[PDB]
Amino acid sequence: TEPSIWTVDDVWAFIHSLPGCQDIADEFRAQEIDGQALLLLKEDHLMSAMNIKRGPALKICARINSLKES
Amino acid sequence: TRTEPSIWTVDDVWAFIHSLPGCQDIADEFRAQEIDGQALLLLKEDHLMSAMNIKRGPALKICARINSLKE
Amino acid sequence: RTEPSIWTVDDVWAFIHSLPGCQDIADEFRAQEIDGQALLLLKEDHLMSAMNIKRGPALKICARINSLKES
Amino acid sequence: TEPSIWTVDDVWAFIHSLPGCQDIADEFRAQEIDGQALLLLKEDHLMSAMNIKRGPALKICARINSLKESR
Amino acid sequence: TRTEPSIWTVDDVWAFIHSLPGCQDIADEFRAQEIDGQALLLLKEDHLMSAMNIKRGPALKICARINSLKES
Amino acid sequence: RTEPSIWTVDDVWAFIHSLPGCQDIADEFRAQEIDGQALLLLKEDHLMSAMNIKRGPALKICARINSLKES
């Protein structure tokens with residue numbers, strides 16, 4: 001349940017639950033992004049570094065901020 | 001369907017931005033970046049003014065229309 | 001003899017160009033396509049940070065915009 | 001002689017004459033602060049957007065205030 | 001750091017990366033490119049992804065644990 | 001004598017060779033006729049990727065060239 005111990009499969013389901021983020025979810029899994037790597041992600045990482053369109057990148061970034069409970 | 005902007009599709013955002021003065025090219029960019037209504041509401045002032053390759057003028061207008069959209 | 005909110009991009013250029021020492025930076029407003037609407041949406045932080053504008057003109061521009069809004 | 005009609009060079013000499021403000025005078029000149037822009041400076045402006053150390057920023061503020069004062 | 005990272009051998013670095021979660025396999029690439037403790041500290045965030053063809057997941061955690069290692 | 005910009009191909013080799021784990025790479029530098037002039041023209045891309053050289057020694061060579069450029 002705690003995101004810090006989430007696995008790559010867990011993070012996949014997380015991103016795949018987001019609207020229109022079901023394709024990047026696979027790219028999140030392909031790059032072996034577990035719960036730790038997910039929390040290490042910065043806003044710049046998403047777009048320019050991970051080749052992700054701003055739309056999905058915004059929603060993913062926002063959902064991550066929700067896990068950290070603001 | 002529903003009138004709320006939070007469930008706007010990628011197309012709805014385009015039509016919203018494309019209808020704005022001098023923002024007809026920017027809408028195409030918005031559409032290309034798959035910016036739907038949910039993402040449109042997540043945009044920050046820094047995102048428009050600086051982040052992406054958008055002229056400040058239209059960026060100021062788009063920003064202001066999103067702010068007014070939230071009430 | 002015209003309300004600033006309906007000022008075109010060129011109307012704004014001539015406005016900024018008329019300001020002291022702001023003749024060169026007036027082209028940047030036009031380059032950024034700042035019409036009368038986008039002109040009135042500009043904040044003090046927007047001038048230098050978002051548009052590279054030197055602090056000199058930025059102070060004079062911001063001041064004259066406030067007088068334009070009549071404060 | 002009147003601050004309002006001072007040029008960028010006149011402002012440079014003014015700041016340069018202040019103790020330990022020599023290098024900052026160069027920044028003023030680079031940022032094209034004329035007499036008008038100099039009088040438009042707020043206390044916050046000195047070290048918020050201009051990145052002046054508090055020390056010389058205090059002296060500059062003080063001399064600008066002495067300018068607006070007796071005059 | 002009883003063993004200063006600067007004098008870490010190529011094999012000392014392999015064991016370091018191997019101890020990181022999910023970086024057990026990627027550790028072998030650090031050993032392959034002959035990255036000692038000296039090179040490990042010269043690495044930058046961009047170096048991980050592009051230069052060594054490292055997956056982003058491990059690369060993020062490797063980058064983070066190095067920054068925590070440098071706090072000494 | 002020993003001045004980086006005027007180094008010969010041999011001077012570079014002896015320089016690269018003295019570095020830990022960069023012994024075989026020094027021989028590659030020889031074969032590519034890299035004198036001190038060409039050594040100072042090398043970029044990070046040239047070391048890491050552009051040629052088959054292990055990143056470890058490539059990083060250390062980069063750093064030592066960077067330290068060599070500080071005066």
# chains A, B, ... in the order shown; residues from 1 in each chain; ligands from 1
$ residues_around --residues "segment 1-3 of chain A" --least-positions-apart "2" --cutoff "12 Å" --atoms "only C-alpha atoms" --output "list in words"
residues 5, 6, 7, 8, 10, 11, 14, 33, 34, 35, 36, 37, 38, 39, 40, 64, 65, 66, 67, 68 and 69 of chain A
$ closest_atom_pairs --of "chain A" --to "segment 20-35 of chain B" --cutoff "12 Å" --atoms "only C-alpha atoms" --output "Markdown table"
| residue | atom | partner | partner_atom | distance |
| --- | --- | --- | --- | --- |
| A:19 | CA | B:34 | CA | 10.8 |
| A:20 | CA | B:34 | CA | 8.5 |
| A:21 | CA | B:34 | CA | 10.3 |
| A:47 | CA | B:33 | CA | 10.3 |
| A:51 | CA | B:33 | CA | 11.1 |
| A:52 | CA | B:33 | CA | 8.6 |
| A:53 | CA | B:33 | CA | 4.8 |
| A:54 | CA | B:33 | CA | 5.4 |
| A:55 | CA | B:35 | CA | 4.0 |
| A:56 | CA | B:34 | CA | 7.0 |
| A:57 | CA | B:33 | CA | 9.3 |
| A:58 | CA | B:35 | CA | 8.6 |
| A:59 | CA | B:35 | CA | 9.5 |
$ residues_around --residues "residue 65 of chain D" --least-positions-apart "5" --cutoff "12 Å" --atoms "only C-alpha atoms" --output "PyMOL selection string"
chain D and resi 3+38-43+58-60+70-71
$ residues_around --residues "residue 1 of chain E" --least-positions-apart "4" --cutoff "9 Å" --atoms "only C-alpha atoms" --output "list in words"
residues 5, 69 and 72 of chain E
$ interface_residues --of "chain D" --to "chain C" --cutoff "10 Å" --atoms "only C-alpha atoms" --output "list in words"
residues 7, 8, 28, 29, 30, 31, 32, 33, 34, 35, 36, 37, 38, 39, 40, 41, 42, 45, 49 and 50 of chain D
$ write_last_selection --atoms "N, CA, C and O atoms" --output "CSV table (one decimal), in the first residue's frame"
chain,number,residue,atom,x,y,z
D,7,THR,N,20.3,60.4,-17.7
D,7,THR,CA,20.5,59.3,-18.6
D,7,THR,C,21.1,58.1,-17.9
D,7,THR,O,21.3,58.2,-16.7
D,8,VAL,N,21.3,57.0,-18.6
D,8,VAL,CA,21.9,55.8,-18.1
D,8,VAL,C,23.3,56.1,-17.6
D,8,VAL,O,23.8,55.6,-16.5
D,28,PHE,N,23.6,48.6,-13.2
D,28,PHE,CA,22.6,49.6,-13.5
D,28,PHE,C,22.7,50.0,-14.9
D,28,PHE,O,21.7,50.0,-15.7
D,29,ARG,N,23.9,50.3,-15.4
D,29,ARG,CA,24.2,50.7,-16.7
D,29,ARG,C,23.8,49.6,-17.7
D,29,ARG,O,23.2,49.9,-18.8
D,30,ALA,N,24.1,48.4,-17.4
D,30,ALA,CA,23.8,47.2,-18.2
D,30,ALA,C,22.3,47.0,-18.3
D,30,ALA,O,21.8,46.6,-19.4
D,31,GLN,N,21.6,47.3,-17.2
D,31,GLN,CA,20.1,47.1,-17.2
D,31,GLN,C,19.4,48.4,-17.6
D,31,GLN,O,18.2,48.5,-17.5
D,32,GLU,N,20.2,49.4,-18.1
D,32,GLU,CA,19.7,50.6,-18.7
D,32,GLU,C,18.7,51.4,-17.7
D,32,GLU,O,17.6,51.7,-18.1
D,33,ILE,N,19.2,51.6,-16.5
D,33,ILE,CA,18.4,52.4,-15.6
D,33,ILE,C,18.7,53.9,-15.8
D,33,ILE,O,19.8,54.3,-15.5
D,34,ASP,N,17.8,54.6,-16.3
D,34,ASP,CA,17.9,56.1,-16.4
D,34,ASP,C,17.3,56.7,-15.2
D,34,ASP,O,17.0,56.0,-14.2
D,35,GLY,N,17.2,58.0,-15.2
D,35,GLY,CA,16.7,58.7,-14.0
D,35,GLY,C,15.2,58.3,-13.6
D,35,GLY,O,14.9,58.2,-12.5
D,36,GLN,N,14.4,58.1,-14.7
D,36,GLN,CA,13.0,57.7,-14.4
D,36,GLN,C,13.0,56.3,-13.8
D,36,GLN,O,12.3,56.1,-12.8
D,37,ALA,N,13.7,55.3,-14.4
D,37,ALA,CA,13.7,54.0,-13.9
D,37,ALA,C,14.3,54.0,-12.4
D,37,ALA,O,13.8,53.2,-11.6
D,38,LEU,N,15.3,54.9,-12.2
D,38,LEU,CA,15.9,55.0,-10.9
D,38,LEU,C,14.8,55.4,-9.8
D,38,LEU,O,14.9,54.9,-8.7
D,39,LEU,N,13.9,56.3,-10.2
D,39,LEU,CA,12.9,56.8,-9.3
D,39,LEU,C,11.8,55.9,-9.2
D,39,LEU,O,11.0,56.0,-8.2
D,40,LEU,N,11.7,54.9,-10.1
D,40,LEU,CA,10.6,53.9,-10.0
D,40,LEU,C,11.0,52.7,-9.2
D,40,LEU,O,10.2,51.8,-8.9
D,41,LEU,N,12.3,52.7,-8.8
D,41,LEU,CA,12.8,51.6,-7.9
D,41,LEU,C,12.1,51.6,-6.6
D,41,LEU,O,12.1,52.6,-5.9
D,42,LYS,N,11.7,50.4,-6.1
D,42,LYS,CA,11.1,50.2,-4.8
D,42,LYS,C,12.2,49.5,-3.9
D,42,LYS,O,13.2,49.0,-4.5
D,45,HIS,N,12.6,46.0,-4.8
D,45,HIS,CA,13.3,45.8,-6.1
D,45,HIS,C,14.8,45.6,-6.0
D,45,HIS,O,15.4,44.8,-6.7
D,49,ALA,N,14.7,41.3,-7.3
D,49,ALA,CA,14.9,41.0,-8.7
D,49,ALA,C,16.3,41.4,-9.2
D,49,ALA,O,16.7,40.9,-10.2
D,50,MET,N,16.9,42.2,-8.4
D,50,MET,CA,18.2,42.8,-8.9
D,50,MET,C,19.4,42.0,-8.2
D,50,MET,O,20.6,42.3,-8.7
$ interface_residues --of "chain E" --to "chain F" --cutoff "10 Å" --atoms "only C-alpha atoms" --output "ChimeraX atom specification"
/E:10,30-43,47,50-52
$ write_last_selection --atoms "N, CA and C atoms" --output "mmCIF file, in the first residue's frame"
data_model
loop_
_atom_site.group_PDB
_atom_site.id
_atom_site.type_symbol
_atom_site.label_atom_id
_atom_site.label_comp_id
_atom_site.auth_asym_id
_atom_site.auth_seq_id
_atom_site.Cartn_x
_atom_site.Cartn_y
_atom_site.Cartn_z
ATOM 1 N N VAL E 10 36.904 -1.009 -8.889
ATOM 2 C CA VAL E 10 35.843 -1.309 -9.843
ATOM 3 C C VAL E 10 34.871 -2.320 -9.239
ATOM 4 N N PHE E 30 28.319 -1.381 -14.762
ATOM 5 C CA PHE E 30 29.272 -0.499 -14.099
ATOM 6 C C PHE E 30 30.649 -1.149 -14.041
ATOM 7 N N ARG E 31 30.663 -2.457 -13.809
ATOM 8 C CA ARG E 31 31.906 -3.213 -13.751
ATOM 9 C C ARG E 31 32.502 -3.362 -15.147
ATOM 10 N N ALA E 32 31.630 -3.476 -16.144
ATOM 11 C CA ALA E 32 32.059 -3.626 -17.530
ATOM 12 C C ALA E 32 32.745 -2.365 -18.047
ATOM 13 N N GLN E 33 32.179 -1.202 -17.733
ATOM 14 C CA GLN E 33 32.738 0.068 -18.191
ATOM 15 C C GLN E 33 33.870 0.559 -17.292
ATOM 16 N N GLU E 34 34.308 -0.309 -16.383
ATOM 17 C CA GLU E 34 35.423 -0.031 -15.485
ATOM 18 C C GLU E 34 35.214 1.247 -14.680
ATOM 19 N N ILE E 35 34.059 1.346 -14.031
ATOM 20 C CA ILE E 35 33.755 2.497 -13.193
ATOM 21 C C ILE E 35 34.194 2.251 -11.759
ATOM 22 N N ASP E 36 35.294 2.883 -11.364
ATOM 23 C CA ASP E 36 35.744 2.826 -9.981
ATOM 24 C C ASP E 36 35.057 3.921 -9.180
ATOM 25 N N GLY E 37 35.468 4.087 -7.928
ATOM 26 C CA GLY E 37 34.874 5.091 -7.068
ATOM 27 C C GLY E 37 35.125 6.489 -7.593
ATOM 28 N N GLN E 38 36.248 6.656 -8.281
ATOM 29 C CA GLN E 38 36.614 7.936 -8.864
ATOM 30 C C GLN E 38 35.644 8.320 -9.977
ATOM 31 N N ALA E 39 35.381 7.378 -10.877
ATOM 32 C CA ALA E 39 34.451 7.605 -11.977
ATOM 33 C C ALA E 39 33.014 7.698 -11.474
ATOM 34 N N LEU E 40 32.722 6.975 -10.397
ATOM 35 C CA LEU E 40 31.388 6.958 -9.808
ATOM 36 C C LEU E 40 30.965 8.344 -9.328
ATOM 37 N N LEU E 41 31.931 9.120 -8.848
ATOM 38 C CA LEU E 41 31.659 10.460 -8.340
ATOM 39 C C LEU E 41 31.661 11.495 -9.458
ATOM 40 N N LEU E 42 32.193 11.110 -10.613
ATOM 41 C CA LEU E 42 32.244 12.001 -11.767
ATOM 42 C C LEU E 42 30.976 11.889 -12.604
ATOM 43 N N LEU E 43 30.183 10.858 -12.327
ATOM 44 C CA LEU E 43 28.931 10.633 -13.038
ATOM 45 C C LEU E 43 27.921 11.742 -12.777
ATOM 46 N N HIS E 47 24.456 11.239 -17.541
ATOM 47 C CA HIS E 47 25.391 10.173 -17.889
ATOM 48 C C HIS E 47 24.785 8.784 -17.726
ATOM 49 N N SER E 50 21.859 8.027 -20.943
ATOM 50 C CA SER E 50 22.341 8.062 -22.322
ATOM 51 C C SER E 50 23.654 7.311 -22.550
ATOM 52 N N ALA E 51 24.649 7.574 -21.709
ATOM 53 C CA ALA E 51 25.989 7.032 -21.920
ATOM 54 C C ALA E 51 26.046 5.512 -21.764
ATOM 55 N N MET E 52 25.435 4.989 -20.706
ATOM 56 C CA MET E 52 25.565 3.570 -20.394
ATOM 57 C C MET E 52 24.362 2.732 -20.822
#
$ atom_distance --atom1 "atom CA of residue 7 of chain C" --atom2 "atom CA of residue 46 of chain C"
19.3 Å
$ select_by_dssp --residues "chain D" --states "alpha helix (DSSP H)" --output "ChimeraX atom specification"
/D:8-16,22-30,35-39,43-46,54-69
$ write_last_selection --atoms "C-alpha atoms" --output "PDB file, in the first residue's frame"
ATOM      1  CA  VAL D   8      21.917  55.818 -18.065  1.00  0.00           C
ATOM      2  CA  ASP D   9      25.394  57.367 -17.893  1.00  0.00           C
ATOM      3  CA  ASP D  10      24.291  59.957 -15.328  1.00  0.00           C
ATOM      4  CA  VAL D  11      22.780  57.213 -13.178  1.00  0.00           C
ATOM      5  CA  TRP D  12      25.959  55.143 -13.475  1.00  0.00           C
ATOM      6  CA  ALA D  13      28.083  58.012 -12.163  1.00  0.00           C
ATOM      7  CA  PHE D  14      25.593  58.528  -9.336  1.00  0.00           C
ATOM      8  CA  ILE D  15      25.707  54.907  -8.155  1.00  0.00           C
ATOM      9  CA  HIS D  16      29.447  54.661  -8.795  1.00  0.00           C
ATOM     10  CA  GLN D  22      31.078  50.605  -8.089  1.00  0.00           C
ATOM     11  CA  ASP D  23      30.366  47.176  -9.608  1.00  0.00           C
ATOM     12  CA  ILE D  24      26.622  47.551  -9.067  1.00  0.00           C
ATOM     13  CA  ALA D  25      26.770  50.833 -10.982  1.00  0.00           C
ATOM     14  CA  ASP D  26      27.904  48.724 -13.933  1.00  0.00           C
ATOM     15  CA  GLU D  27      24.830  46.533 -13.479  1.00  0.00           C
ATOM     16  CA  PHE D  28      22.561  49.581 -13.484  1.00  0.00           C
ATOM     17  CA  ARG D  29      24.156  50.707 -16.748  1.00  0.00           C
ATOM     18  CA  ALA D  30      23.784  47.222 -18.219  1.00  0.00           C
ATOM     19  CA  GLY D  35      16.654  58.712 -14.014  1.00  0.00           C
ATOM     20  CA  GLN D  36      13.025  57.679 -14.449  1.00  0.00           C
ATOM     21  CA  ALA D  37      13.718  53.987 -13.859  1.00  0.00           C
ATOM     22  CA  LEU D  38      15.861  54.965 -10.874  1.00  0.00           C
ATOM     23  CA  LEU D  39      12.940  56.831  -9.306  1.00  0.00           C
ATOM     24  CA  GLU D  43      12.991  49.020  -1.698  1.00  0.00           C
ATOM     25  CA  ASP D  44      12.009  45.446  -2.532  1.00  0.00           C
ATOM     26  CA  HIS D  45      13.274  45.803  -6.116  1.00  0.00           C
ATOM     27  CA  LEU D  46      16.829  46.433  -4.911  1.00  0.00           C
ATOM     28  CA  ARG D  54      21.678  44.062   1.391  1.00  0.00           C
ATOM     29  CA  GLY D  55      24.606  46.291   2.353  1.00  0.00           C
ATOM     30  CA  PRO D  56      25.027  48.400  -0.822  1.00  0.00           C
ATOM     31  CA  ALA D  57      21.290  48.009  -1.493  1.00  0.00           C
ATOM     32  CA  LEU D  58      20.673  49.920   1.740  1.00  0.00           C
ATOM     33  CA  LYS D  59      22.954  52.774   0.704  1.00  0.00           C
ATOM     34  CA  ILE D  60      21.441  53.034  -2.774  1.00  0.00           C
ATOM     35  CA  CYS D  61      17.917  53.098  -1.344  1.00  0.00           C
ATOM     36  CA  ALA D  62      18.976  55.795   1.092  1.00  0.00           C
ATOM     37  CA  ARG D  63      20.517  58.045  -1.559  1.00  0.00           C
ATOM     38  CA  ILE D  64      17.504  57.632  -3.837  1.00  0.00           C
ATOM     39  CA  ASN D  65      15.365  58.657  -0.870  1.00  0.00           C
ATOM     40  CA  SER D  66      17.598  61.675  -0.228  1.00  0.00           C
ATOM     41  CA  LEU D  67      17.103  62.514  -3.904  1.00  0.00           C
ATOM     42  CA  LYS D  68      13.302  62.490  -3.789  1.00  0.00           C
ATOM     43  CA  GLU D  69      13.526  64.357  -0.486  1.00  0.00           C
TER      44      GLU D  69
END
$ interface_residues --of "chain B" --to "chain A" --cutoff "12 Å" --atoms "only C-alpha atoms" --output "list in words"
residues 6, 7, 8, 9, 10, 13, 29, 30, 31, 32, 33, 34, 35, 36, 37, 38, 39, 40, 41, 42, 43, 44, 47, 48, 51 and 52 of chain B
$ write_last_selection --atoms "C-alpha atoms" --output "tab-separated table (two decimals), in the first residue's frame"
chain	number	residue	atom	x	y	z
B	6	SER	CA	-12.69	18.64	-16.13
B	7	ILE	CA	-13.90	15.86	-18.44
B	8	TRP	CA	-13.05	17.73	-21.65
B	9	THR	CA	-11.42	15.53	-24.28
B	10	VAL	CA	-8.30	16.41	-26.25
B	13	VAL	CA	-9.50	21.62	-25.50
B	29	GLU	CA	0.14	22.16	-30.13
B	30	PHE	CA	-2.23	21.57	-27.20
B	31	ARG	CA	-3.88	18.82	-29.22
B	32	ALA	CA	-0.54	17.30	-30.23
B	33	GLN	CA	0.55	17.14	-26.59
B	34	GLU	CA	-2.69	15.26	-25.81
B	35	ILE	CA	-3.77	18.01	-23.41
B	36	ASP	CA	-7.31	17.12	-22.33
B	37	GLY	CA	-9.54	19.01	-19.90
B	38	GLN	CA	-7.98	17.30	-16.90
B	39	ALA	CA	-4.49	18.33	-17.98
B	40	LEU	CA	-5.69	21.77	-19.05
B	41	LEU	CA	-6.63	22.48	-15.43
B	42	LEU	CA	-3.21	21.31	-14.21
B	43	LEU	CA	-1.31	23.86	-16.30
B	44	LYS	CA	0.59	26.49	-14.30
B	47	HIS	CA	4.14	26.37	-17.98
B	48	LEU	CA	2.71	28.84	-20.47
B	51	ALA	CA	8.14	26.11	-20.23
B	52	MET	CA	7.06	25.54	-23.80
$ decode --residues "segment 24-47 of chain E" --atoms "N, CA, C and O atoms" --output "PDB file, in the first residue's frame"
ATOM      1  N   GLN E  24      20.712  -4.917  -9.294  1.00  0.00           N
ATOM      2  CA  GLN E  24      21.633  -6.043  -9.181  1.00  0.00           C
ATOM      3  C   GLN E  24      22.221  -6.440 -10.532  1.00  0.00           C
ATOM      4  O   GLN E  24      23.398  -6.789 -10.623  1.00  0.00           O
ATOM      5  N   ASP E  25      21.403  -6.379 -11.577  1.00  0.00           N
ATOM      6  CA  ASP E  25      21.856  -6.725 -12.919  1.00  0.00           C
ATOM      7  C   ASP E  25      22.636  -5.584 -13.558  1.00  0.00           C
ATOM      8  O   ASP E  25      23.649  -5.807 -14.223  1.00  0.00           O
ATOM      9  N   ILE E  26      22.159  -4.361 -13.350  1.00  0.00           N
ATOM     10  CA  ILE E  26      22.773  -3.181 -13.949  1.00  0.00           C
ATOM     11  C   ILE E  26      24.166  -2.933 -13.364  1.00  0.00           C
ATOM     12  O   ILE E  26      25.004  -2.274 -13.983  1.00  0.00           O
ATOM     13  N   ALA E  27      24.412  -3.488 -12.180  1.00  0.00           N
ATOM     14  CA  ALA E  27      25.705  -3.368 -11.517  1.00  0.00           C
ATOM     15  C   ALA E  27      26.825  -3.942 -12.378  1.00  0.00           C
ATOM     16  O   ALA E  27      27.952  -3.449 -12.357  1.00  0.00           O
ATOM     17  N   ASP E  28      26.504  -4.983 -13.141  1.00  0.00           N
ATOM     18  CA  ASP E  28      27.482  -5.631 -14.007  1.00  0.00           C
ATOM     19  C   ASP E  28      27.950  -4.714 -15.134  1.00  0.00           C
ATOM     20  O   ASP E  28      29.050  -4.885 -15.662  1.00  0.00           O
ATOM     21  N   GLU E  29      27.120  -3.743 -15.500  1.00  0.00           N
ATOM     22  CA  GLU E  29      27.481  -2.792 -16.547  1.00  0.00           C
ATOM     23  C   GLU E  29      28.480  -1.764 -16.024  1.00  0.00           C
ATOM     24  O   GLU E  29      29.376  -1.331 -16.747  1.00  0.00           O
ATOM     25  N   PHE E  30      28.319  -1.381 -14.762  1.00  0.00           N
ATOM     26  CA  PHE E  30      29.272  -0.499 -14.099  1.00  0.00           C
ATOM     27  C   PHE E  30      30.649  -1.149 -14.041  1.00  0.00           C
ATOM     28  O   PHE E  30      31.671  -0.484 -14.203  1.00  0.00           O
ATOM     29  N   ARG E  31      30.663  -2.457 -13.809  1.00  0.00           N
ATOM     30  CA  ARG E  31      31.906  -3.213 -13.751  1.00  0.00           C
ATOM     31  C   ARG E  31      32.502  -3.362 -15.147  1.00  0.00           C
ATOM     32  O   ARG E  31      33.721  -3.370 -15.316  1.00  0.00           O
ATOM     33  N   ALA E  32      31.630  -3.476 -16.144  1.00  0.00           N
ATOM     34  CA  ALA E  32      32.059  -3.626 -17.530  1.00  0.00           C
ATOM     35  C   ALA E  32      32.745  -2.365 -18.047  1.00  0.00           C
ATOM     36  O   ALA E  32      33.775  -2.444 -18.713  1.00  0.00           O
ATOM     37  N   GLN E  33      32.179  -1.202 -17.733  1.00  0.00           N
ATOM     38  CA  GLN E  33      32.738   0.068 -18.191  1.00  0.00           C
ATOM     39  C   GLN E  33      33.870   0.559 -17.292  1.00  0.00           C
ATOM     40  O   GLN E  33      34.330   1.694 -17.427  1.00  0.00           O
ATOM     41  N   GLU E  34      34.308  -0.309 -16.383  1.00  0.00           N
ATOM     42  CA  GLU E  34      35.423  -0.031 -15.485  1.00  0.00           C
ATOM     43  C   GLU E  34      35.214   1.247 -14.680  1.00  0.00           C
ATOM     44  O   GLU E  34      36.079   2.122 -14.647  1.00  0.00           O
ATOM     45  N   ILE E  35      34.059   1.346 -14.031  1.00  0.00           N
ATOM     46  CA  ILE E  35      33.755   2.497 -13.193  1.00  0.00           C
ATOM     47  C   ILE E  35      34.194   2.251 -11.759  1.00  0.00           C
ATOM     48  O   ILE E  35      33.556   1.494 -11.028  1.00  0.00           O
ATOM     49  N   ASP E  36      35.294   2.883 -11.364  1.00  0.00           N
ATOM     50  CA  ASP E  36      35.744   2.826  -9.981  1.00  0.00           C
ATOM     51  C   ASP E  36      35.057   3.921  -9.180  1.00  0.00           C
ATOM     52  O   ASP E  36      34.165   4.601  -9.686  1.00  0.00           O
ATOM     53  N   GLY E  37      35.468   4.087  -7.928  1.00  0.00           N
ATOM     54  CA  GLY E  37      34.874   5.091  -7.068  1.00  0.00           C
ATOM     55  C   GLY E  37      35.125   6.489  -7.593  1.00  0.00           C
ATOM     56  O   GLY E  37      34.319   7.397  -7.387  1.00  0.00           O
ATOM     57  N   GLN E  38      36.248   6.656  -8.281  1.00  0.00           N
ATOM     58  CA  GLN E  38      36.614   7.936  -8.864  1.00  0.00           C
ATOM     59  C   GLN E  38      35.644   8.320  -9.977  1.00  0.00           C
ATOM     60  O   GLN E  38      35.139   9.441 -10.012  1.00  0.00           O
ATOM     61  N   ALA E  39      35.381   7.378 -10.877  1.00  0.00           N
ATOM     62  CA  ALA E  39      34.451   7.605 -11.977  1.00  0.00           C
ATOM     63  C   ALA E  39      33.014   7.698 -11.474  1.00  0.00           C
ATOM     64  O   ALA E  39      32.193   8.409 -12.048  1.00  0.00           O
ATOM     65  N   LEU E  40      32.722   6.975 -10.397  1.00  0.00           N
ATOM     66  CA  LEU E  40      31.388   6.958  -9.808  1.00  0.00           C
ATOM     67  C   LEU E  40      30.965   8.344  -9.328  1.00  0.00           C
ATOM     68  O   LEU E  40      29.789   8.702  -9.394  1.00  0.00           O
ATOM     69  N   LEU E  41      31.931   9.120  -8.848  1.00  0.00           N
ATOM     70  CA  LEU E  41      31.659  10.460  -8.340  1.00  0.00           C
ATOM     71  C   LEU E  41      31.661  11.495  -9.458  1.00  0.00           C
ATOM     72  O   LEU E  41      31.192  12.618  -9.277  1.00  0.00           O
ATOM     73  N   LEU E  42      32.193  11.110 -10.613  1.00  0.00           N
ATOM     74  CA  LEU E  42      32.244  12.001 -11.767  1.00  0.00           C
ATOM     75  C   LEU E  42      30.976  11.889 -12.604  1.00  0.00           C
ATOM     76  O   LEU E  42      30.723  12.715 -13.480  1.00  0.00           O
ATOM     77  N   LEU E  43      30.183  10.858 -12.327  1.00  0.00           N
ATOM     78  CA  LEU E  43      28.931  10.633 -13.038  1.00  0.00           C
ATOM     79  C   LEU E  43      27.921  11.742 -12.777  1.00  0.00           C
ATOM     80  O   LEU E  43      27.832  12.272 -11.669  1.00  0.00           O
ATOM     81  N   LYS E  44      27.167  12.090 -13.811  1.00  0.00           N
ATOM     82  CA  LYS E  44      26.086  13.054 -13.680  1.00  0.00           C
ATOM     83  C   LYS E  44      24.770  12.382 -14.043  1.00  0.00           C
ATOM     84  O   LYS E  44      24.759  11.267 -14.565  1.00  0.00           O
ATOM     85  N   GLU E  45      23.664  13.062 -13.761  1.00  0.00           N
ATOM     86  CA  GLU E  45      22.336  12.490 -13.949  1.00  0.00           C
ATOM     87  C   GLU E  45      22.084  12.090 -15.401  1.00  0.00           C
ATOM     88  O   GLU E  45      21.433  11.080 -15.670  1.00  0.00           O
ATOM     89  N   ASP E  46      22.617  12.878 -16.330  1.00  0.00           N
ATOM     90  CA  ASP E  46      22.460  12.605 -17.755  1.00  0.00           C
ATOM     91  C   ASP E  46      23.316  11.421 -18.200  1.00  0.00           C
ATOM     92  O   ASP E  46      22.948  10.689 -19.120  1.00  0.00           O
ATOM     93  N   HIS E  47      24.456  11.239 -17.541  1.00  0.00           N
ATOM     94  CA  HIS E  47      25.391  10.173 -17.889  1.00  0.00           C
ATOM     95  C   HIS E  47      24.785   8.784 -17.726  1.00  0.00           C
ATOM     96  O   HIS E  47      25.108   7.865 -18.476  1.00  0.00           O
TER      97      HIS E  47
END
